[PDB]
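**Q** Would you mind keeping the following structure in view while I ask a few things?
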Amino acid sequence: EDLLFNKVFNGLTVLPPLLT
Amino acid sequence: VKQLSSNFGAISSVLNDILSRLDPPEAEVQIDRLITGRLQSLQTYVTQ
Amino acid sequence: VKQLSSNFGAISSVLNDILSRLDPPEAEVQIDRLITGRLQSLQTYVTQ
Amino acid sequence: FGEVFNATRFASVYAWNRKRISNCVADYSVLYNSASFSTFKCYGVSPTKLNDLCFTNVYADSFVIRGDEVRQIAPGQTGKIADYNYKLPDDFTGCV
Amino acid sequence: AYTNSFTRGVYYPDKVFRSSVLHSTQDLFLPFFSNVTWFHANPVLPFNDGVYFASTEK
Amino acid sequence: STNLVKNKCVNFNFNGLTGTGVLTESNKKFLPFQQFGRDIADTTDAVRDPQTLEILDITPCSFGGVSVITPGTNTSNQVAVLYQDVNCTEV
Ligand SMILES: *[C@@H]1O[C@H](CO)[C@@H](O)[C@H](O)[C@H]1NC(C)=O
Ligand SMILES: *[C@@H]1O[C@H](CO)[C@@H](O)[C@H](O)[C@H]1NC(C)=O
Ligand SMILES: *[C@@H]1O[C@H](CO)[C@@H](O)[C@H](O)[C@H]1NC(C)=O
Ligand SMILES: *[C@@H]1O[C@H](CO)[C@@H](O)[C@H](O)[C@H]1NC(C)=O
């Protein structure tokens, strides 16, 4: 699961996902 | 975001430039040309 | 239904009162903005 | 309408006055074709429409201006007289 | 004589700072691998749209 | 011309560069002829002021959405409020 997580302004916001 | 810098047929892309070299009766016509373009672009974003 | 009561930058929202106030030489101006706004409303409804 | 158009003394621009006018029958026929008005024009309402369009409340103003300056009594321009004495909101719905 | 520039005549086209990016511009440039006159040692030349001009000596 | 305040949402104007935001001091290094910086998407994110010859970071002035958390009006009238991606000091 680590090898996988290593391989891949004005009115605009990004909301976080509910599950971390 | 790169669409916030197109005229769509206006004198500039900045509202502080149409509100500085135009009187209110003439700046309405130029602000509407920006409003129409920006609405079009936002709605294209939301469809895709 | 409710978008039928926006001016879209015309003098009236009711075309009976657009034809009551600004007529043909100027209705080709005021009626056209209503046509433009209502067409876009309808297209958004059909795409969604 | 007949007396305002024929009042003998009109006020100057800065002291323009309002004839509070309501609850009556307005007949624009002769007013339209009196064949004497060097400048009849208006906005918002077509010149042939007002004849039957009923109105909520109507206000009449009057003054005296310099000749050439007449154009400056219209929405969306400038001129020493339209700058400081009288200007018309850009959503104007009357006649001049 | 005539000679060949290789990659010469690039100027900063504005006052804007930019960090590590690739920015695209439209302007008046000297095309790469061009046909540049050679002069030794002179005459009246044209201008017509800007000029690149190099020179060599001590 | 006038003085320059830092760490407050202001309306700035440098030579014709007009905007609004909060100005801080930076760790960039322009080139002597360069007068302001901009990033990808071409927004101005730095500037040089024409008297100190110091470059300043520009950061938009905090904004966000407001959501209210309701336990249902059929149960209570209490609510909580979330200010989205805003530090708590600025409310
Ligand atoms: C005003 O005076 C003229 C000139 O005699 C007259 O013909 C007209 O009927 C009068 N009233 C109005 C409302 O014009
Ligand atoms: C440059 O143009 C001249 C024009 O006659 C030509 O003779 C010469 O060969 C050209 N030089 C190059 C490097 O293409
Ligand atoms: C909502 O209120 C009504 C009226 O008091 C009650 O009958 C109902 O049970 C309530 N709904 C709940 C508690 O989910
Ligand atoms: C919020 O502001 C405080 C005060 O400076 C700061 O210490 C903190 O790092 C900021 N961010 C968070 C997530 O608390």
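Identifiers in this document derive from the order of the structure tokens: chains are assigned A, B, ..., residues are numbered from 1 separately in each chain, and ligands are numbered from 1 in order of occurrence.
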Please give chain C as a tab-separated table (two decimals) with C-alpha atoms, in the first residue's frame, after it has been superposed on chain B by least squares over all Cα atoms paired in order.

**A**
```
chain	number	residue	atom	x	y	z
C	1	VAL	CA	-9.19	29.91	-13.86
C	2	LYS	CA	-7.65	30.99	-17.15
C	3	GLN	CA	-10.91	32.08	-18.76
C	4	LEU	CA	-10.89	34.97	-16.28
C	5	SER	CA	-8.54	36.88	-18.58
C	6	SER	CA	-10.59	37.03	-21.77
C	7	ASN	CA	-12.36	40.23	-22.79
C	8	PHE	CA	-15.30	38.51	-24.50
C	9	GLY	CA	-15.43	41.66	-26.60
C	10	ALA	CA	-15.04	44.30	-23.88
C	11	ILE	CA	-12.35	46.94	-23.46
C	12	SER	CA	-10.55	45.34	-20.51
C	13	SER	CA	-10.42	41.92	-18.92
C	14	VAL	CA	-10.25	43.36	-15.40
C	15	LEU	CA	-13.59	44.71	-14.12
C	16	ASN	CA	-11.65	47.09	-11.84
C	17	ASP	CA	-10.28	48.51	-15.15
C	18	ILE	CA	-13.71	48.11	-16.85
C	19	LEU	CA	-15.14	50.25	-14.01
C	20	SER	CA	-11.96	52.35	-14.36
C	21	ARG	CA	-12.49	53.11	-18.05
C	22	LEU	CA	-16.15	52.71	-19.20
C	23	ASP	CA	-18.57	53.73	-16.34
C	24	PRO	CA	-22.31	52.86	-15.56
C	25	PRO	CA	-24.07	54.23	-18.77
C	26	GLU	CA	-21.30	52.36	-20.69
C	27	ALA	CA	-20.44	49.84	-17.90
C	28	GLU	CA	-23.98	48.44	-18.32
C	29	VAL	CA	-22.47	47.67	-21.78
C	30	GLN	CA	-18.93	46.55	-20.92
C	31	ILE	CA	-19.67	44.74	-17.65
C	32	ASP	CA	-22.50	42.81	-19.27
C	33	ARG	CA	-20.21	41.14	-21.83
C	34	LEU	CA	-17.89	39.98	-19.06
C	35	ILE	CA	-20.86	38.63	-17.13
C	36	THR	CA	-22.10	36.79	-20.21
C	37	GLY	CA	-18.72	35.19	-20.94
C	38	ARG	CA	-17.92	34.17	-17.39
C	39	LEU	CA	-21.37	32.66	-16.81
C	40	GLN	CA	-20.92	30.43	-19.86
C	41	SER	CA	-17.45	29.39	-18.70
C	42	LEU	CA	-18.85	28.36	-15.31
C	43	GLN	CA	-21.75	26.44	-16.83
C	44	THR	CA	-19.44	24.44	-19.08
C	45	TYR	CA	-17.32	23.53	-16.06
C	46	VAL	CA	-20.32	22.36	-14.05
C	47	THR	CA	-21.83	20.27	-16.87
C	48	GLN	CA	-18.57	18.48	-17.48
```

**Q** Extract, using only C-alpha atoms, all DNA, RNA and protein residues at most 10 Å from residue E:15, discarding same-chain residues fewer than 2 positions from it, and format them as a list in words.

**A**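 So the residues in contact are residues 12, 13, 17 and 18 of chain E; 30, 31, 32, 33, 34, 35, 36 and 37 of chain F.
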
**Q** May I have the residues from that selection written out with N, CA and C atoms, as a PDB file, in the first residue's frame?

**A**
```
ATOM      1  N   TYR E  12      13.934  38.790 -22.646  1.00  0.00           N
ATOM      2  CA  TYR E  12      12.814  38.749 -21.719  1.00  0.00           C
ATOM      3  C   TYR E  12      11.725  39.679 -22.217  1.00  0.00           C
ATOM      4  N   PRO E  13      10.556  39.184 -22.548  1.00  0.00           N
ATOM      5  CA  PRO E  13       9.571  40.033 -23.221  1.00  0.00           C
ATOM      6  C   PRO E  13       8.691  40.831 -22.273  1.00  0.00           C
ATOM      7  N   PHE E  17       8.445  38.106 -13.261  1.00  0.00           N
ATOM      8  CA  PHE E  17       9.212  36.993 -12.735  1.00  0.00           C
ATOM      9  C   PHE E  17       8.418  35.701 -12.888  1.00  0.00           C
ATOM     10  N   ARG E  18       9.135  34.603 -13.098  1.00  0.00           N
ATOM     11  CA  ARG E  18       8.526  33.287 -13.187  1.00  0.00           C
ATOM     12  C   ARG E  18       9.498  32.269 -12.624  1.00  0.00           C
TER      13      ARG E  18
ATOM     14  N   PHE F  30      14.059  38.206  -7.199  1.00  0.00           N
ATOM     15  CA  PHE F  30      13.756  38.569  -8.571  1.00  0.00           C
ATOM     16  C   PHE F  30      15.049  38.782  -9.342  1.00  0.00           C
ATOM     17  N   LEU F  31      14.935  39.258 -10.572  1.00  0.00           N
ATOM     18  CA  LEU F  31      16.081  39.778 -11.295  1.00  0.00           C
ATOM     19  C   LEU F  31      15.958  41.289 -11.336  1.00  0.00           C
ATOM     20  N   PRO F  32      17.079  41.999 -11.227  1.00  0.00           N
ATOM     21  CA  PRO F  32      17.024  43.451 -11.014  1.00  0.00           C
ATOM     22  C   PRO F  32      16.025  44.192 -11.874  1.00  0.00           C
ATOM     23  N   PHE F  33      15.724  43.708 -13.066  1.00  0.00           N
ATOM     24  CA  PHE F  33      14.761  44.370 -13.925  1.00  0.00           C
ATOM     25  C   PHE F  33      13.340  43.864 -13.733  1.00  0.00           C
ATOM     26  N   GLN F  34      13.136  42.803 -12.951  1.00  0.00           N
ATOM     27  CA  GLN F  34      11.813  42.217 -12.787  1.00  0.00           C
ATOM     28  C   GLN F  34      11.048  42.920 -11.678  1.00  0.00           C
ATOM     29  N   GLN F  35       9.788  43.235 -11.954  1.00  0.00           N
ATOM     30  CA  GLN F  35       9.005  44.113 -11.095  1.00  0.00           C
ATOM     31  C   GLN F  35       7.895  43.418 -10.331  1.00  0.00           C
ATOM     32  N   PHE F  36       7.442  42.254 -10.781  1.00  0.00           N
ATOM     33  CA  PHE F  36       6.473  41.478 -10.029  1.00  0.00           C
ATOM     34  C   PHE F  36       6.453  40.059 -10.564  1.00  0.00           C
ATOM     35  N   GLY F  37       5.990  39.135  -9.725  1.00  0.00           N
ATOM     36  CA  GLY F  37       5.944  37.735 -10.066  1.00  0.00           C
ATOM     37  C   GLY F  37       4.518  37.239 -10.218  1.00  0.00           C
TER      38      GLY F  37
END
```

**Q** Find the residues near residue D:80: any atom within 9 Å, counting only C-alpha atoms, skip ones fewer than 5 places away on the same chain, and give them as a list in words.

**A**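 Listing them by chain and then by number gives residues 69, 72 and 85 of chain D.
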
**Q** Can those selected residues be exported to a file as a short mmCIF file (atom, residue, chain, number, x, y, z; two decimals), in the first residue's frame so that it contains N, CA, C and O atoms?

**A**
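The new file again.cif reads:
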```
data_model
loop_
_atom_site.label_atom_id
_atom_site.label_comp_id
_atom_site.auth_asym_id
_atom_site.auth_seq_id
_atom_site.Cartn_x
_atom_site.Cartn_y
_atom_site.Cartn_z
N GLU D 69 -27.60 72.80 -25.32
CA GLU D 69 -27.46 71.90 -24.18
C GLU D 69 -28.60 70.91 -24.06
O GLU D 69 -28.57 70.08 -23.15
N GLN D 72 -28.23 67.14 -23.34
CA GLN D 72 -27.73 66.65 -22.08
C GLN D 72 -28.84 66.24 -21.13
O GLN D 72 -28.56 65.60 -20.12
N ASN D 85 -27.11 70.13 -12.14
CA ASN D 85 -28.43 70.71 -11.96
C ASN D 85 -29.54 69.67 -12.07
O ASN D 85 -30.53 69.76 -11.35
#
```

**Q** Return as a list in words every polymer residue, whether protein, DNA or RNA, with at least one atom no more than 7 Å from an atom of ligand 2; count only C-alpha atoms and all ligand atoms.

**A**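 Answer in the requested format: residues 2, 3, 4 and 35 of chain E.
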
**Q** Could the residues in this selection be written to a file with N, CA, C and O atoms, as a PDB file, in the first residue's frame?

**A**
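Final file, again04.pdb:
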```pdb
ATOM      1  N   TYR E   2      27.456  35.229 -45.363  1.00  0.00           N
ATOM      2  CA  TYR E   2      26.272  34.975 -44.559  1.00  0.00           C
ATOM      3  C   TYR E   2      26.616  33.856 -43.596  1.00  0.00           C
ATOM      4  O   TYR E   2      27.482  33.030 -43.881  1.00  0.00           O
ATOM      5  N   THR E   3      25.934  33.831 -42.459  1.00  0.00           N
ATOM      6  CA  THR E   3      26.212  32.837 -41.443  1.00  0.00           C
ATOM      7  C   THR E   3      24.887  32.398 -40.833  1.00  0.00           C
ATOM      8  O   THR E   3      23.824  32.958 -41.121  1.00  0.00           O
ATOM      9  N   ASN E   4      24.966  31.376 -39.991  1.00  0.00           N
ATOM     10  CA  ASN E   4      23.817  30.728 -39.394  1.00  0.00           C
ATOM     11  C   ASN E   4      23.850  30.953 -37.893  1.00  0.00           C
ATOM     12  O   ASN E   4      24.785  30.513 -37.219  1.00  0.00           O
ATOM     13  N   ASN E  35      19.442  33.239 -41.334  1.00  0.00           N
ATOM     14  CA  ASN E  35      20.413  33.653 -42.335  1.00  0.00           C
ATOM     15  C   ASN E  35      20.856  35.073 -42.006  1.00  0.00           C
ATOM     16  O   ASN E  35      20.215  36.041 -42.430  1.00  0.00           O
TER      17      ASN E  35
END
```

**Q** Considering only C-alpha atoms and all ligand atoms, give me a table of residues in chain F that are at most 10 Å from ligand 3, with the closest atom pair and distance in Å for each, as a Markdown table.

**A**
```
| residue | atom | partner | partner_atom_place_in_ligand_line | distance |
| --- | --- | --- | --- | --- |
| F:72 | CA | ligand 3 | 14 (O) | 8.8 |
| F:73 | CA | ligand 3 | 1 (C) | 8.6 |
| F:74 | CA | ligand 3 | 1 (C) | 5.0 |
| F:75 | CA | ligand 3 | 13 (C) | 6.7 |
```

**Q** Show me which residues line ligand 1, defined as having an atom within 8 Å of a ligand atom where only C-alpha atoms and all ligand atoms count, and present them as a tab-separated table (two decimals) with N, CA and C atoms, in the first residue's frame.

**A**
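Wrote part_28.tsv, looks like this:
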```tsv
chain	number	residue	atom	x	y	z
D	1	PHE	N	-52.57	68.86	-18.15
D	1	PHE	CA	-51.41	69.01	-19.00
D	1	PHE	C	-51.41	70.37	-19.67
D	2	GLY	N	-52.59	70.89	-19.97
D	2	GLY	CA	-52.68	72.09	-20.78
D	2	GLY	C	-52.02	73.29	-20.14
D	3	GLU	N	-52.12	73.41	-18.82
D	3	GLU	CA	-51.62	74.62	-18.17
D	3	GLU	C	-50.11	74.56	-17.95
D	4	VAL	N	-49.57	73.40	-17.59
D	4	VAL	CA	-48.12	73.31	-17.42
D	4	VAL	C	-47.41	73.65	-18.72
D	5	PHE	N	-47.92	73.13	-19.83
D	5	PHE	CA	-47.31	73.44	-21.11
D	5	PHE	C	-47.53	74.89	-21.50
D	6	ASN	N	-48.50	75.54	-20.88
D	6	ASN	CA	-48.78	76.94	-21.15
D	6	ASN	C	-48.62	77.84	-19.93
D	30	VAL	N	-52.97	65.46	-29.11
D	30	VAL	CA	-52.54	66.79	-29.49
D	30	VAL	C	-51.12	67.05	-28.99
D	31	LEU	N	-50.82	66.61	-27.77
D	31	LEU	CA	-49.48	66.74	-27.24
D	31	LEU	C	-48.46	66.09	-28.16
D	34	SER	N	-48.94	68.41	-31.85
D	34	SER	CA	-49.15	69.85	-31.82
D	34	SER	C	-48.35	70.58	-32.88
```

**Q** Write out as an NGL selection string each polymer residue whose atoms come within 12 Å of stretch 47-49 of chain F, counting only C-alpha atoms; drop sequence neighbours fewer than 6 positions from it.

**A** (:E and (15-18)) or (:F and (1-4 or 12-19 or 22-26 or 28-39 or 55-59))

**Q** How would the residues just chosen look if you wrote them out with N, CA, C and O atoms as a short mmCIF file (atom, residue, chain, number, x, y, z; two decimals), in the first residue's frame?

**A**
```
data_model
loop_
_atom_site.label_atom_id
_atom_site.label_comp_id
_atom_site.auth_asym_id
_atom_site.auth_seq_id
_atom_site.Cartn_x
_atom_site.Cartn_y
_atom_site.Cartn_z
N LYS E 15 8.40 42.26 -17.72
CA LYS E 15 9.02 42.43 -16.41
C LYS E 15 8.63 41.35 -15.42
O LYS E 15 9.02 41.43 -14.26
N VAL E 16 7.89 40.34 -15.86
CA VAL E 16 7.28 39.39 -14.94
C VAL E 16 8.28 38.31 -14.56
O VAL E 16 8.88 37.66 -15.42
N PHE E 17 8.44 38.11 -13.26
CA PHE E 17 9.21 36.99 -12.74
C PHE E 17 8.42 35.70 -12.89
O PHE E 17 7.19 35.70 -12.85
N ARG E 18 9.14 34.60 -13.10
CA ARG E 18 8.53 33.29 -13.19
C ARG E 18 9.50 32.27 -12.62
O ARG E 18 10.69 32.29 -12.94
N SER F 1 1.54 58.86 -2.89
CA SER F 1 2.16 57.65 -2.37
C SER F 1 1.91 57.54 -0.87
O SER F 1 1.51 58.52 -0.24
N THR F 2 2.14 56.37 -0.30
CA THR F 2 1.92 56.17 1.14
C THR F 2 2.73 55.00 1.70
O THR F 2 3.37 54.26 0.96
N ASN F 3 2.68 54.85 3.03
CA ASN F 3 3.40 53.78 3.71
C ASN F 3 2.82 52.41 3.37
O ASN F 3 1.79 52.33 2.70
N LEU F 4 3.47 51.35 3.82
CA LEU F 4 2.99 50.00 3.51
C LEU F 4 2.83 49.17 4.78
O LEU F 4 3.78 49.00 5.54
N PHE F 12 -4.23 47.14 -2.18
CA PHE F 12 -2.93 47.68 -2.53
C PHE F 12 -2.95 48.25 -3.94
O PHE F 12 -3.87 48.02 -4.72
N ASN F 13 -1.92 49.02 -4.24
CA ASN F 13 -1.70 49.52 -5.59
C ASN F 13 -0.21 49.83 -5.70
O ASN F 13 0.30 50.73 -5.04
N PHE F 14 0.48 49.05 -6.52
CA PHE F 14 1.89 49.25 -6.81
C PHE F 14 2.00 49.61 -8.28
O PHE F 14 1.90 48.75 -9.15
N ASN F 15 2.18 50.90 -8.57
CA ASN F 15 2.50 51.44 -9.88
C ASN F 15 1.35 51.27 -10.87
O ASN F 15 1.44 51.82 -11.97
N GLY F 16 0.29 50.57 -10.53
CA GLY F 16 -0.75 50.27 -11.50
C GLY F 16 -1.23 48.85 -11.32
O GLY F 16 -2.34 48.49 -11.72
N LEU F 17 -0.37 48.01 -10.75
CA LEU F 17 -0.78 46.72 -10.23
C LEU F 17 -1.79 46.95 -9.12
O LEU F 17 -1.43 47.47 -8.05
N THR F 18 -3.03 46.57 -9.36
CA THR F 18 -4.13 46.83 -8.44
C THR F 18 -4.74 45.51 -7.99
O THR F 18 -5.09 44.67 -8.82
N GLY F 19 -4.88 45.34 -6.69
CA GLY F 19 -5.56 44.19 -6.15
C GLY F 19 -5.81 44.35 -4.68
O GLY F 19 -5.62 45.43 -4.12
N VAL F 22 -3.43 40.27 1.53
CA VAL F 22 -2.52 40.49 2.64
C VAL F 22 -1.09 40.27 2.16
O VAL F 22 -0.77 39.28 1.50
N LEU F 23 -0.23 41.22 2.51
CA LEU F 23 1.15 41.29 2.03
C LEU F 23 2.08 40.86 3.15
O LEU F 23 2.02 41.39 4.26
N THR F 24 2.95 39.90 2.85
CA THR F 24 3.97 39.48 3.80
C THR F 24 5.33 39.60 3.14
O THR F 24 5.44 39.84 1.94
N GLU F 25 6.38 39.44 3.93
CA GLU F 25 7.73 39.43 3.38
C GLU F 25 8.11 38.01 2.96
O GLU F 25 7.64 37.03 3.53
N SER F 26 8.98 37.92 1.96
CA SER F 26 9.15 36.68 1.21
C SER F 26 10.58 36.15 1.19
O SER F 26 11.48 36.75 1.79
N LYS F 28 11.81 35.09 -2.00
CA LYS F 28 12.11 35.04 -3.42
C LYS F 28 13.26 35.99 -3.74
O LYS F 28 13.66 36.82 -2.93
N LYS F 29 13.79 35.85 -4.94
CA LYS F 29 14.83 36.74 -5.43
C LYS F 29 14.55 37.01 -6.90
O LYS F 29 14.79 36.15 -7.75
N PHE F 30 14.06 38.21 -7.20
CA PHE F 30 13.76 38.57 -8.57
C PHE F 30 15.05 38.78 -9.34
O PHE F 30 16.14 38.50 -8.84
N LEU F 31 14.94 39.26 -10.57
CA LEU F 31 16.08 39.78 -11.29
C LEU F 31 15.96 41.29 -11.34
O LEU F 31 14.85 41.82 -11.46
N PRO F 32 17.08 42.00 -11.23
CA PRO F 32 17.02 43.45 -11.01
C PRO F 32 16.02 44.19 -11.87
O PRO F 32 15.49 45.22 -11.44
N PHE F 33 15.72 43.71 -13.07
CA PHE F 33 14.76 44.37 -13.92
C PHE F 33 13.34 43.86 -13.73
O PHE F 33 12.41 44.44 -14.31
N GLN F 34 13.14 42.80 -12.95
CA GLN F 34 11.81 42.22 -12.79
C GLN F 34 11.05 42.92 -11.68
O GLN F 34 11.58 43.17 -10.60
N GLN F 35 9.79 43.24 -11.95
CA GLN F 35 9.01 44.11 -11.10
C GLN F 35 7.90 43.42 -10.33
O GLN F 35 7.44 43.95 -9.32
N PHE F 36 7.44 42.25 -10.78
CA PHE F 36 6.47 41.48 -10.03
C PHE F 36 6.45 40.06 -10.56
O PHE F 36 6.85 39.80 -11.70
N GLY F 37 5.99 39.13 -9.73
CA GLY F 37 5.94 37.73 -10.07
C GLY F 37 4.52 37.24 -10.22
O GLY F 37 3.57 37.81 -9.68
N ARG F 38 4.38 36.16 -10.98
CA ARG F 38 3.10 35.50 -11.09
C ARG F 38 3.35 34.02 -11.30
O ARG F 38 4.42 33.61 -11.75
N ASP F 39 2.36 33.22 -10.92
CA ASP F 39 2.47 31.77 -10.90
C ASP F 39 1.74 31.15 -12.09
O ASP F 39 1.29 31.84 -13.00
N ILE F 55 10.85 42.55 -2.19
CA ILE F 55 9.75 41.80 -2.79
C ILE F 55 8.87 41.23 -1.69
O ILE F 55 9.35 40.78 -0.64
N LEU F 56 7.57 41.25 -1.94
CA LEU F 56 6.55 40.90 -0.97
C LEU F 56 5.63 39.85 -1.56
O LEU F 56 5.21 39.95 -2.71
N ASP F 57 5.31 38.85 -0.74
CA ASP F 57 4.31 37.85 -1.07
C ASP F 57 2.91 38.42 -0.93
O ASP F 57 2.63 39.21 -0.02
N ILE F 58 2.03 37.99 -1.82
CA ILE F 58 0.63 38.40 -1.82
C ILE F 58 -0.20 37.15 -1.57
O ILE F 58 -0.05 36.15 -2.27
N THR F 59 -1.09 37.21 -0.59
CA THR F 59 -1.96 36.09 -0.27
C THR F 59 -3.40 36.56 -0.21
O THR F 59 -3.71 37.55 0.45
#
```

**Q** All residues within 10 Å of ligand 4 are required, counting only C-alpha atoms and all ligand atoms; please report them as a PyMOL selection string.

**A** chain F and resi 85-90

**Q** Considering only C-alpha atoms, return as JSON, numbers by chain whatever protein or nucleic-acid residues lie within 7 Å of residue D:96, sequence-local ones (same chain, fewer than 4 positions apart) excluded.

**A** {"D": [40, 41, 42]}

**Q** Please produce a file of those selected residues containing N, CA and C atoms, as a compact mmCIF listing (two decimals), in the first residue's frame.

**A**
```
# COMPACT_ATOMS: atom_id res chain seq x y z
N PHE D 40 -39.30 66.10 -29.36
CA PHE D 40 -40.08 65.12 -28.62
C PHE D 40 -39.36 63.79 -28.79
N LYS D 41 -39.11 63.13 -27.67
CA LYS D 41 -38.37 61.89 -27.66
C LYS D 41 -38.53 61.27 -26.29
N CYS D 42 -38.51 59.95 -26.22
CA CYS D 42 -38.43 59.33 -24.92
C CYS D 42 -38.06 57.86 -25.03
```

**Q** Using DSSP on the backbone coordinates, identify the residues of chain C assigned to helix (DSSP H, G or I); present them as a PyMOL selection string.

**A** chain C and resi 2-5+15-18+24-47

**Q** Quote the spacing between atom CA of residue E:36 and atom CA of residue E:49 in Å to one decimal place.

**A**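 Taking atom CA of residue E:36 and atom CA of residue E:49, their separation equals 14.8 Å.
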
**Q** Mind listing as a ChimeraX atom specification which residues of chain A are within 10 Å of chain F, counting only C-alpha atoms?

**A** /A:9-16

**Q** Extract, using only C-alpha atoms, all DNA, RNA and protein residues at most 9 Å from stretch 23-33 of chain E, discarding same-chain residues fewer than 4 positions from it, and format them as a list in words.

**A**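 Listing them by chain and then by number gives residues 4, 5, 6, 7, 8, 9, 10, 11, 13, 18, 49, 50, 51 and 52 of chain E.
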
**Q** Once you have the residues from the selection above, write them out as an mmCIF file, in the first residue's frame, restricted to N, CA, C and O atoms.

**A**
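That gives us result_34.cif:
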```cif
data_model
loop_
_atom_site.group_PDB
_atom_site.id
_atom_site.type_symbol
_atom_site.label_atom_id
_atom_site.label_comp_id
_atom_site.auth_asym_id
_atom_site.auth_seq_id
_atom_site.Cartn_x
_atom_site.Cartn_y
_atom_site.Cartn_z
ATOM 1 N N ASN E 4 24.966 31.376 -39.991
ATOM 2 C CA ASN E 4 23.817 30.728 -39.394
ATOM 3 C C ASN E 4 23.850 30.953 -37.893
ATOM 4 O O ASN E 4 24.785 30.513 -37.219
ATOM 5 N N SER E 5 22.839 31.651 -37.380
ATOM 6 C CA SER E 5 22.598 31.686 -35.946
ATOM 7 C C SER E 5 22.213 30.289 -35.506
ATOM 8 O O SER E 5 21.798 29.479 -36.335
ATOM 9 N N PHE E 6 22.327 29.966 -34.231
ATOM 10 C CA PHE E 6 21.780 28.672 -33.867
ATOM 11 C C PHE E 6 20.583 28.844 -32.951
ATOM 12 O O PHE E 6 19.451 28.557 -33.344
ATOM 13 N N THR E 7 20.810 29.397 -31.767
ATOM 14 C CA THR E 7 19.736 29.754 -30.847
ATOM 15 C C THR E 7 20.186 31.069 -30.212
ATOM 16 O O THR E 7 20.857 31.110 -29.182
ATOM 17 N N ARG E 8 19.811 32.169 -30.847
ATOM 18 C CA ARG E 8 20.354 33.472 -30.511
ATOM 19 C C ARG E 8 19.264 34.516 -30.665
ATOM 20 O O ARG E 8 18.404 34.399 -31.540
ATOM 21 N N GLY E 9 19.300 35.532 -29.812
ATOM 22 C CA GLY E 9 18.349 36.615 -29.927
ATOM 23 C C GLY E 9 17.072 36.372 -29.159
ATOM 24 O O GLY E 9 15.978 36.661 -29.655
ATOM 25 N N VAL E 10 17.194 35.830 -27.954
ATOM 26 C CA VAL E 10 16.066 35.648 -27.049
ATOM 27 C C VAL E 10 16.167 36.702 -25.959
ATOM 28 O O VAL E 10 17.208 36.840 -25.309
ATOM 29 N N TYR E 11 15.092 37.452 -25.768
ATOM 30 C CA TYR E 11 15.046 38.493 -24.761
ATOM 31 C C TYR E 11 13.837 38.277 -23.866
ATOM 32 O O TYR E 11 12.852 37.654 -24.261
ATOM 33 N N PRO E 13 10.556 39.184 -22.548
ATOM 34 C CA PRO E 13 9.571 40.033 -23.221
ATOM 35 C C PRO E 13 8.691 40.831 -22.273
ATOM 36 O O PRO E 13 7.760 41.500 -22.725
ATOM 37 N N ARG E 18 9.135 34.603 -13.098
ATOM 38 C CA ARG E 18 8.526 33.287 -13.187
ATOM 39 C C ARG E 18 9.498 32.269 -12.624
ATOM 40 O O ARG E 18 10.686 32.293 -12.939
ATOM 41 N N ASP E 49 11.478 45.869 -39.042
ATOM 42 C CA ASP E 49 10.879 45.353 -37.812
ATOM 43 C C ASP E 49 12.009 44.908 -36.897
ATOM 44 O O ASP E 49 12.437 43.757 -36.984
ATOM 45 N N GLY E 50 12.460 45.762 -35.994
ATOM 46 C CA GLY E 50 13.487 45.336 -35.064
ATOM 47 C C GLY E 50 14.767 44.808 -35.683
ATOM 48 O O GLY E 50 14.839 44.608 -36.893
ATOM 49 N N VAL E 51 15.781 44.552 -34.865
ATOM 50 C CA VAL E 51 17.096 44.147 -35.352
ATOM 51 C C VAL E 51 17.819 43.405 -34.240
ATOM 52 O O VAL E 51 17.855 43.864 -33.099
ATOM 53 N N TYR E 52 18.402 42.265 -34.579
ATOM 54 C CA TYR E 52 19.443 41.643 -33.777
ATOM 55 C C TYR E 52 20.794 42.128 -34.276
ATOM 56 O O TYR E 52 20.976 42.418 -35.456
#
```

**Q** Would you work out the distance separating atom CA of residue D:9 from atom CA of residue D:68, expressed in Å to one decimal?

**A**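 These atoms are spaced 21.1 Å apart.
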
**Q** Please indicate the distance in Å from atom CA of residue D:54 to atom CA of residue D:28, rounded to one decimal place.

**A**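 For atom CA of residue D:54 relative to atom CA of residue D:28, the distance reads 12.4 Å.
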